[PDB]
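Heads up: the structure comes next, in structure tokens.
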Amino acid sequence: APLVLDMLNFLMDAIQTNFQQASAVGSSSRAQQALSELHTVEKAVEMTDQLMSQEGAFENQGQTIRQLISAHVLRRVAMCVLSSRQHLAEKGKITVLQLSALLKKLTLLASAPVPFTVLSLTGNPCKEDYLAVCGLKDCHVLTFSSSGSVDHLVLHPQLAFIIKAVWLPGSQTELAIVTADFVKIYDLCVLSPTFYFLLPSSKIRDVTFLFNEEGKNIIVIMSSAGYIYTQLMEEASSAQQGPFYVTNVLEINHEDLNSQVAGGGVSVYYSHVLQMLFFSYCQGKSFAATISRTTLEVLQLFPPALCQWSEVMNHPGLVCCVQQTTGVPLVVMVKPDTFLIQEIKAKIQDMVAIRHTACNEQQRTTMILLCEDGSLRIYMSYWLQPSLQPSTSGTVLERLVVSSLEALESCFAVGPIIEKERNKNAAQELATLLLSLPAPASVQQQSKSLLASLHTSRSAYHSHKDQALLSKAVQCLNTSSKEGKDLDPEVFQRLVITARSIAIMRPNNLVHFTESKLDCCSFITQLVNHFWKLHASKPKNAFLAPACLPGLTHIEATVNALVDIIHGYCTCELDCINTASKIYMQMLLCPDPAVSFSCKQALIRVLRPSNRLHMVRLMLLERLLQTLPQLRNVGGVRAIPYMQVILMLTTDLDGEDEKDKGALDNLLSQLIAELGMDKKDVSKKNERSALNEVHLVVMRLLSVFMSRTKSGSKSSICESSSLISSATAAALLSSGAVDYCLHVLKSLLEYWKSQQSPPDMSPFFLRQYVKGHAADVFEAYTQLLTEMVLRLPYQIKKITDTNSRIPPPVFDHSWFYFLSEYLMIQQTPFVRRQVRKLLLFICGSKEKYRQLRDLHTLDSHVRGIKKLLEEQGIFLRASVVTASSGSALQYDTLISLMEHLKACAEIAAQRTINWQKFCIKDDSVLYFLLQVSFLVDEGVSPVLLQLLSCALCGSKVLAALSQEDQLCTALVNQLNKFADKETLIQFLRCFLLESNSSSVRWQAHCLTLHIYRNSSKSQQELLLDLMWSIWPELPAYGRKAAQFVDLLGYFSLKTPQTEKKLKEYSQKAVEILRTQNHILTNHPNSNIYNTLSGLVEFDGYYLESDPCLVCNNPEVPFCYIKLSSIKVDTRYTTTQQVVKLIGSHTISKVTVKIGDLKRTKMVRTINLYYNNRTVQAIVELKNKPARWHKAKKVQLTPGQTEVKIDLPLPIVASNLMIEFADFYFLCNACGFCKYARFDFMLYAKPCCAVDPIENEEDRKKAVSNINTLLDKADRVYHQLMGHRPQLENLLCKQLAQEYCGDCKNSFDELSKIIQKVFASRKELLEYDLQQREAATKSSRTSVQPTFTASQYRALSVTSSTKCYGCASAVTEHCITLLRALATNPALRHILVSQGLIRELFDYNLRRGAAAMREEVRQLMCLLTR
């Protein structure tokens, strides 16, 4: 006891030295001292060596390269070591390998074919990822992938020799390449470098850059003349204002130091690891200097040529130069007071080295130096020792001290009370002094046990321990503070650890002591200030850091522990809180995420899990909310933590207390004012604004509030809602959020039209989207704002409807109009789904939903069609469609009209009541529609008729193939109101008789039927009069007019009227019948066909003089013919195939059948081009711009096997050109495509046309063509008229072969010629009238006559009278009509009084076919009933 203490009192004298010096305690002072001694104390060069597979393992304008390298100007270092991985590494291909086997007769990834002349390869120092492969005037930047396999972007040097390039220190994104006169620095982040410098004189020998006292860039070059020059690269010297002349030259006055510095310099290198720089000349002298951090004044200086020292990372003080002349690499290791230089057939070309881990997990440096024979050499701590590097078998001293602790423990536990108590005071003092300084952990344990025993109350042990230790730490820190000396890293760590431990143990006593006054708790604020300064002191780039690890080490852990301490001290004493808030806030807004994120996680863990804690929560909510205005410039990405914290405290928000409800009120009010729902200059929201980003974050916060659902118990009461949710609803409704949202959406309409480790940033911006767009989770401003401005009002409505008390919100019809406008503008799935839910909830009933969207669709489509036609001049006056130029529109206008109209047709197709309703809304749909169909091309007629027929006839009848009946009846009366009689006649004529199609005629019949069957009574009379009037000319439109006959008959037998009218009609019909009969009877061609019909199978009356065009154009059906079986010529190029088909065909569809597709190479998109322009040369029309008319842009999925491209209106084509538009392959000569094979077909029938007309060249060409065709037809005419003689001969007494052989084929030839001739005449007239109107347009007093639509149809581009077929067909139709109209008994009497029985029995008795004759007999029997 007394003797133990007696020896120990002396022992502590050096025991304190051992304990403080032990461990990392004492490392900081030793390191700083050694650094000072290195930079300050003199050293001497010492020659020594103790510091430190076969050849042929290696492979392989070089003359001028030899020249420059001989000039010693440049050299070769072909090596690199990419590791932070295990990557390490003439023919323009160098192999980059791994050396793992050597790492843990050699056993030694990928290779890269270098496309540039290579003298070296340099990895970026901050990041071994990118490597620059370096030559003189060509170099590359390669991002080798994870396995080392080759992307490469080849750097454009624009050489007018580039010495070398360096990626800026710690700047993995920056790099500069310097040549012999100028240096250009570019950032890979942003061709155009961001810096450029040049020299007023001499060459650029060596160029380096470093940091300032703050750390800013400075560029210093040892020139060719040796003049060392310095500059500060900023906005002035940057390449933005141009390459800058170098200005200042640093001074060195040594004994050795005339425009040529001792015969030139050698190099330049300013190590940041040593915090120094070296200097050397082509004289061959070496020296070392350290200079001021801002004055750059060389503070401390010390004294074959030299080149290219290299420091191994994680290997302090080790440098590897190479003698310029001797070629000899030399190693320099510098402790403070000496500079050991060591030198290590196989003429070493280069070397490499890395401080790696050997088989013993020991960081030993391995150096593989490469020779001239391909051989290798293996080569291999002053600052690297643990006592210099920041962090009982040991000390027999610690062993004896442990023995002493055992002795003291025994001398207490078995020692008497008297001795124990008498020695108590001194022993406790000694033990306190012992535990005071840092020492062994086992010493701490033994002392703690002994001292807790010594304290009779272990609570007293803890109390006295807290008081003493805290006082000691506080005094130490306060000395360091008033002193202003920088806090040692481990010092702050140890203090924070100790205080955190004591606070976690006994926070109340901690508050009492750290609060007792030996403002409030200045230790806390001073400690935080210390933390801020020290973190500001962090080594910026850890690579470029000085030999020590400056700044915090386990930074986030220190932050979390400090937060624990601060929160505890705040909790224990309430009156400090107003401070702590701001303190924490300055941290919860710090720049680097390492502070803010760690603090947010810390606090969330901190306040998490009586009334005391809730009160602390409320007070914090008030305090931070006041500082909420400070985030005005925070930046959204640098602001999510605050809101995460607000919600985090809001986790247990029970507003039930009047105070608690008041708290909710303050929160909601502050947030709402922060958003500012009443700005009214909302157009500023369009751009991405910092306050805008913060605002959006706040909105997402309020949304996580409203969407918060405090799901209750099993009870079905509708009032178990989150009080936070109810409040958010109430406040947003009070703030008029609807109008703000709507003004935002309208304001965004402009942009919408114009557009055509990861931090756990949950829950504001989700983790997945973080993974997907880690660039900036506040970057997608427009889309996120749109999503929010939608998804808020829906939830607002959810609460609003759900609340019994609150009357519902009211948004005006602008809501429907604007949201529907949003829907039609395209958007991705999220926007679409949200908008749909919004409209559906808003408009209540799904019927109303679909109806409203439909009406919008129709309104847009009609507006679009009207504007399209107006772009061609067509103008509706009030209800009078008028046109000025009557030309036919090109394909562009037609595809335009067809797209919109067909869309409308599909819409009306889904259901009819919608089309009926939309039409009932606007009275400007019908007459415009019919007027448009009257002028539009024929191929567009079927669609327009389908729509109009759906409108008036309706769904019941059309599908068959009261409310809707009323709609149809009213709309029929409407059409009656708007229609003009002349237009009605023009419609009947154009679409019932003249049309060539069958479906067109059928639909015409349906529309006429339904319109007539329901028009007004007197309207019915008007229609009957008009139709029976037009029937007088039925001879001309002739054989195609069956529909009109049927319609006239139905109208006749259904409608009763005055006998004068009926008599008039009967007179008309009888006269027509008689005249047609007579025209039949005197026919010169009557005899021959008359005889021949009863002899051979008479198919067609092939004995007409001027071919009846109506009889001469049957309806050839579209045949599904393969694109193979029509070809005439084919060819291919790199990516296209040109085929010249047999002849002009009207293609409506085409199908690509794909065989044996290649997974490596697929074609996604294809562009098809048609051309119907005259060409006999395959090469001539391969010009894509001239001879390609695009058809349909078709892109499919990869692997798609059957494609069906159908032109909306069929295209008339001759030469087709198919190109594989987009990919996901055609050979030059034969076009073999090893990807696959393709086949094609088309549902087409031939089309008889010519070349389109373009120029007077076409005028002469076509005139000649038509003339020649006329010659051919003339030969046909003479020869064919010749058959009449021999035909008469065979008639006099074979004939099958005679005419059925000849006459048929003859008529075939003449028909081909005639059809071609007519089409050609049409084309010539088209060009004539088009040039006429165009040249007439220039005349200004000549206002081009706006021709009516009827004038237009007659203006724009009939069976021949003496056609025995025409007369016969007229007879058949007339017989049908007569056998019909006789049915009225009064009509029986009237027709009998006509006495036509004579005419029929006499003229048409045996005429007509079998069926014709039989019907005739039936009629004759009937007429005398």
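FYI, nothing fancy with the structure tokens labels: chains A, B, ... in order, residues from 1 per chain, ligands from 1 as they appear.
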Mind checking DSSP for range 403-500 of chain A and telling me the helix (DSSP H, G or I) residues as a PyMOL selection string?
chain A and resi 403-413+417-436+441-454+458-483+489-500
Export of the given selection (C-alpha atoms) as a compact mmCIF listing (two decimals), in the first residue's frame:
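What ended up in result27.txt:
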# COMPACT_ATOMS: atom_id res chain seq x y z
CA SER A 403 0.48 -6.48 -11.08
CA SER A 404 0.11 -3.23 -9.13
CA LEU A 405 -3.59 -2.98 -9.95
CA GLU A 406 -4.02 -6.53 -8.66
CA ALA A 407 -2.10 -5.60 -5.51
CA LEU A 408 -4.27 -2.53 -4.90
CA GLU A 409 -7.45 -4.50 -5.51
CA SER A 410 -6.38 -7.08 -2.94
CA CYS A 411 -5.15 -4.49 -0.43
CA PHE A 412 -8.64 -3.04 -0.56
CA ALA A 413 -10.79 -6.19 -0.70
CA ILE A 417 -11.07 -0.54 6.84
CA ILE A 418 -8.65 1.75 8.70
CA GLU A 419 -5.84 1.55 6.14
CA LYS A 420 -8.29 1.70 3.25
CA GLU A 421 -10.00 4.85 4.51
CA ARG A 422 -6.76 6.55 5.58
CA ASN A 423 -5.20 5.97 2.17
CA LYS A 424 -8.52 6.70 0.45
CA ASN A 425 -7.96 10.38 -0.33
CA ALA A 426 -4.45 10.03 -1.74
CA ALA A 427 -5.25 6.85 -3.63
CA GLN A 428 -8.36 8.33 -5.23
CA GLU A 429 -6.41 11.40 -6.25
CA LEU A 430 -3.73 9.22 -7.80
CA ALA A 431 -6.25 7.04 -9.62
CA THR A 432 -8.10 10.06 -10.95
CA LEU A 433 -4.84 11.50 -12.24
CA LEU A 434 -4.11 8.08 -13.73
CA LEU A 435 -7.41 7.65 -15.59
CA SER A 436 -7.13 11.31 -16.58
CA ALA A 441 -7.67 -0.05 -21.76
CA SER A 442 -6.91 -2.67 -19.13
CA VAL A 443 -5.59 0.17 -16.99
CA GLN A 444 -8.94 1.90 -17.42
CA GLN A 445 -10.76 -1.28 -16.41
CA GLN A 446 -8.62 -1.91 -13.33
CA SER A 447 -8.83 1.73 -12.25
CA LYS A 448 -12.60 1.80 -12.77
CA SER A 449 -13.10 -1.34 -10.70
CA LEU A 450 -10.81 -0.11 -7.92
CA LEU A 451 -12.37 3.36 -7.86
CA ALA A 452 -15.96 2.11 -7.91
CA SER A 453 -15.03 -0.05 -4.95
CA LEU A 454 -13.40 2.95 -3.27
CA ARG A 458 -21.12 3.64 -6.81
CA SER A 459 -23.43 6.53 -7.67
CA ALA A 460 -20.86 8.72 -5.93
CA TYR A 461 -18.18 7.00 -8.01
CA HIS A 462 -20.05 7.91 -11.18
CA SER A 463 -20.77 11.44 -9.97
CA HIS A 464 -17.23 12.31 -8.95
CA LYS A 465 -15.92 10.64 -12.09
CA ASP A 466 -18.22 12.69 -14.27
CA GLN A 467 -17.27 15.92 -12.52
CA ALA A 468 -13.54 15.29 -12.67
CA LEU A 469 -13.29 13.95 -16.21
CA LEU A 470 -15.58 16.61 -17.64
CA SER A 471 -13.67 19.37 -15.85
CA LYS A 472 -10.38 18.03 -17.19
CA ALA A 473 -11.61 17.80 -20.76
CA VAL A 474 -13.23 21.22 -20.56
CA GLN A 475 -10.08 22.86 -19.23
CA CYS A 476 -7.96 21.20 -21.91
CA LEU A 477 -10.30 22.26 -24.69
CA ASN A 478 -10.64 25.79 -23.30
CA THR A 479 -6.87 26.13 -23.22
CA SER A 480 -6.78 24.94 -26.82
CA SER A 481 -9.54 27.45 -27.59
CA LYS A 482 -8.24 30.63 -25.98
CA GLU A 483 -4.91 29.51 -27.42
CA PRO A 489 -8.00 15.13 -34.70
CA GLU A 490 -7.69 12.39 -32.10
CA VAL A 491 -8.14 15.06 -29.44
CA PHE A 492 -11.59 15.96 -30.74
CA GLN A 493 -12.34 12.29 -31.24
CA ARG A 494 -11.35 11.37 -27.69
CA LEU A 495 -13.23 14.27 -26.14
CA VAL A 496 -16.39 13.56 -28.14
CA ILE A 497 -16.17 9.87 -27.26
CA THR A 498 -15.74 10.52 -23.54
CA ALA A 499 -18.49 13.13 -23.30
CA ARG A 500 -20.85 11.08 -25.44
Can you tell me, as a ChimeraX atom specification, what residues are no more than 10 Å from range 145-150 of chain A when counting only C-alpha atoms, ignoring any on the same chain fewer than 6 positions away?
/A:82,85,87-88,95-98,109-113,129-130
Show which residues sit within 12 Å of residue 684 in chain A, as a list in words. Count only C-alpha atoms, and ignore same-chain residues fewer than 2 positions away.
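Answer for this query is residues 679, 680, 681, 682, 686, 687, 688, 689, 690, 691, 692, 743, 744, 747, 748, 750 and 751 of chain A.
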Please list as a CSV table (one decimal) with N, CA, C and O atoms, in the first residue's frame every residue within 12 Å of residue 617 in chain A, counting only C-alpha atoms and excluding residues in the same chain fewer than 5 positions away.
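Result file is result.csv:
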chain,number,residue,atom,x,y,z
A,567,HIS,N,-28.5,16.8,-28.3
A,567,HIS,CA,-29.9,16.6,-28.0
A,567,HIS,C,-30.2,16.3,-26.5
A,567,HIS,O,-31.1,16.8,-25.9
A,570,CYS,N,-29.9,19.4,-24.5
A,570,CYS,CA,-31.1,20.2,-24.7
A,570,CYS,C,-32.2,19.7,-23.9
A,570,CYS,O,-33.0,20.5,-23.3
A,571,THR,N,-32.4,18.4,-23.9
A,571,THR,CA,-33.5,17.8,-23.2
A,571,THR,C,-33.5,18.1,-21.7
A,571,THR,O,-34.5,18.4,-21.1
A,574,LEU,N,-34.3,23.1,-20.3
A,574,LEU,CA,-35.2,23.6,-21.3
A,574,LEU,C,-34.8,24.9,-21.9
A,574,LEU,O,-35.1,25.2,-23.0
A,577,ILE,N,-32.9,25.7,-25.5
A,577,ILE,CA,-33.4,25.2,-26.8
A,577,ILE,C,-33.3,26.2,-27.9
A,577,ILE,O,-32.9,25.8,-29.0
A,581,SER,N,-31.6,24.6,-31.6
A,581,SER,CA,-32.3,24.6,-32.9
A,581,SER,C,-31.4,25.2,-34.0
A,581,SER,O,-30.9,24.4,-34.9
A,603,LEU,N,-30.9,12.4,-35.9
A,603,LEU,CA,-32.0,13.0,-35.1
A,603,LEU,C,-33.2,12.1,-35.2
A,603,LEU,O,-33.9,11.9,-34.2
A,604,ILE,N,-33.4,11.5,-36.3
A,604,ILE,CA,-34.6,10.6,-36.5
A,604,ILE,C,-34.5,9.4,-35.5
A,604,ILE,O,-35.4,9.0,-34.8
A,606,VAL,N,-32.9,9.7,-32.8
A,606,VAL,CA,-32.7,10.4,-31.5
A,606,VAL,C,-34.1,10.6,-30.9
A,606,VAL,O,-34.4,9.9,-29.9
A,607,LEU,N,-34.9,11.4,-31.4
A,607,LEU,CA,-36.2,11.7,-30.8
A,607,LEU,C,-37.2,10.5,-30.9
A,607,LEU,O,-38.3,10.6,-30.3
A,608,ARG,N,-36.8,9.4,-31.5
A,608,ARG,CA,-37.7,8.2,-31.7
A,608,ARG,C,-37.7,7.4,-30.4
A,608,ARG,O,-36.9,7.5,-29.5
A,610,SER,N,-41.8,11.9,-20.4
A,610,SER,CA,-42.8,11.4,-21.4
A,610,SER,C,-43.4,12.6,-22.1
A,610,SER,O,-43.2,12.9,-23.2
A,611,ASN,N,-44.2,13.4,-21.3
A,611,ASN,CA,-44.7,14.7,-21.8
A,611,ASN,C,-43.5,15.6,-22.1
A,611,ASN,O,-43.6,16.5,-23.0
A,612,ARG,N,-42.4,15.3,-21.5
A,612,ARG,CA,-41.2,16.1,-21.8
A,612,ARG,C,-40.7,15.9,-23.2
A,612,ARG,O,-40.4,16.9,-23.9
A,622,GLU,N,-41.7,24.4,-33.5
A,622,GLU,CA,-41.9,25.9,-33.6
A,622,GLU,C,-40.5,26.5,-34.0
A,622,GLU,O,-40.5,27.4,-34.9
A,623,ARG,N,-39.4,26.1,-33.4
A,623,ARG,CA,-38.2,26.8,-33.6
A,623,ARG,C,-37.7,26.6,-35.0
A,623,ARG,O,-37.4,27.6,-35.7
A,624,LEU,N,-37.7,25.4,-35.6
A,624,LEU,CA,-37.2,25.2,-36.9
A,624,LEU,C,-38.1,25.8,-37.9
A,624,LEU,O,-37.7,26.3,-39.0
A,645,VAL,N,-37.2,15.8,-41.6
A,645,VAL,CA,-37.2,16.0,-40.1
A,645,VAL,C,-38.6,16.5,-39.6
A,645,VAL,O,-39.1,16.1,-38.6
A,646,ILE,N,-39.2,17.4,-40.4
A,646,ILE,CA,-40.5,17.9,-40.0
A,646,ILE,C,-41.5,16.8,-39.9
A,646,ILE,O,-42.3,16.6,-38.9
A,647,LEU,N,-41.5,15.9,-40.9
A,647,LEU,CA,-42.4,14.8,-40.9
A,647,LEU,C,-42.0,13.8,-39.7
A,647,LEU,O,-42.8,13.3,-39.0
A,648,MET,N,-40.7,13.7,-39.6
A,648,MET,CA,-40.2,12.7,-38.6
A,648,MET,C,-40.7,13.1,-37.2
A,648,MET,O,-41.1,12.2,-36.4
A,649,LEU,N,-40.6,14.4,-36.8
A,649,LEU,CA,-41.2,14.8,-35.6
A,649,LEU,C,-42.7,14.7,-35.6
A,649,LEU,O,-43.4,14.5,-34.6
A,650,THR,N,-43.3,14.9,-36.8
A,650,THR,CA,-44.8,14.8,-37.0
A,650,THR,C,-45.3,13.4,-36.9
A,650,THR,O,-46.5,13.2,-37.0
A,651,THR,N,-44.4,12.5,-36.6
A,651,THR,CA,-44.8,11.1,-36.6
A,651,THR,C,-45.9,10.8,-35.6
A,651,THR,O,-46.9,10.0,-35.9
A,652,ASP,N,-45.7,11.3,-34.4
A,652,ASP,CA,-46.7,11.0,-33.3
A,652,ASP,C,-47.6,12.3,-33.1
A,652,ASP,O,-48.0,12.5,-31.9
A,653,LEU,N,-47.9,13.0,-34.1
A,653,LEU,CA,-48.7,14.2,-34.0
A,653,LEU,C,-50.2,13.9,-33.7
A,653,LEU,O,-51.0,13.5,-34.5
A,654,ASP,N,-50.5,14.1,-32.4
A,654,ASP,CA,-51.9,14.0,-31.9
A,654,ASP,C,-52.4,15.4,-31.6
A,654,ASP,O,-52.1,15.9,-30.5
A,660,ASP,N,-52.1,21.2,-29.1
A,660,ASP,CA,-51.6,20.4,-30.2
A,660,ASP,C,-52.3,20.8,-31.5
A,660,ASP,O,-51.6,20.9,-32.5
A,663,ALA,N,-50.6,23.8,-32.7
A,663,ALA,CA,-49.4,23.5,-33.3
A,663,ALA,C,-49.6,23.1,-34.8
A,663,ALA,O,-48.9,23.6,-35.7
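Every protein or nucleic acid residue with an atom no more than 6 Å from range 240-249 of chain A, counting only C-alpha atoms and leaving out same-chain residues fewer than 3 positions away, appears here: residues 196, 197, 198, 199, 200, 228, 229, 230 and 237 of chain A.
Shortest atom-to-atom contact with residue 599 in chain A among A:823, A:566, A:671, A:219: A:566, counting only C-alpha atoms.
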Quick one: residues within 9 Å of residue 549 in chain A, only C-alpha atoms counted, chain neighbours fewer than 6 positions away excluded, as a PyMOL selection string?
chain A and resi 389-390+538-539+542
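Using only C-alpha atoms, the contacts of residue 329 in chain A at a cut-off of 8 Å, with sequence neighbours closer than 3 positions omitted, comprise residues 320, 321, 322, 323, 343 and 344 of chain A.
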Selection file, C-alpha atoms, as a CSV table (one decimal), in the first residue's frame:
chain,number,residue,atom,x,y,z
A,320,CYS,CA,11.8,7.6,-59.0
A,321,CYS,CA,13.6,9.8,-61.5
A,322,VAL,CA,15.6,8.8,-64.5
A,323,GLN,CA,18.8,10.4,-65.6
A,343,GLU,CA,20.4,2.8,-58.1
A,344,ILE,CA,19.1,-0.6,-59.2
Which residue is closest to residue 437 in chain A? Choose from A:19, A:253, A:752, A:345 and count only C-alpha atoms.
A:19
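Distance check against residue 911 in chain A using only C-alpha atoms: of A:779, A:1271, A:251, A:854, the minimum falls on A:854.
Between CA of residue 83 in chain A and CA of residue 206 in chain A there is a distance of 26.3 Å.
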So what do you get for CA of residue 378 in chain A versus CA of residue 52 in chain A, distance-wise?
9.3 Å
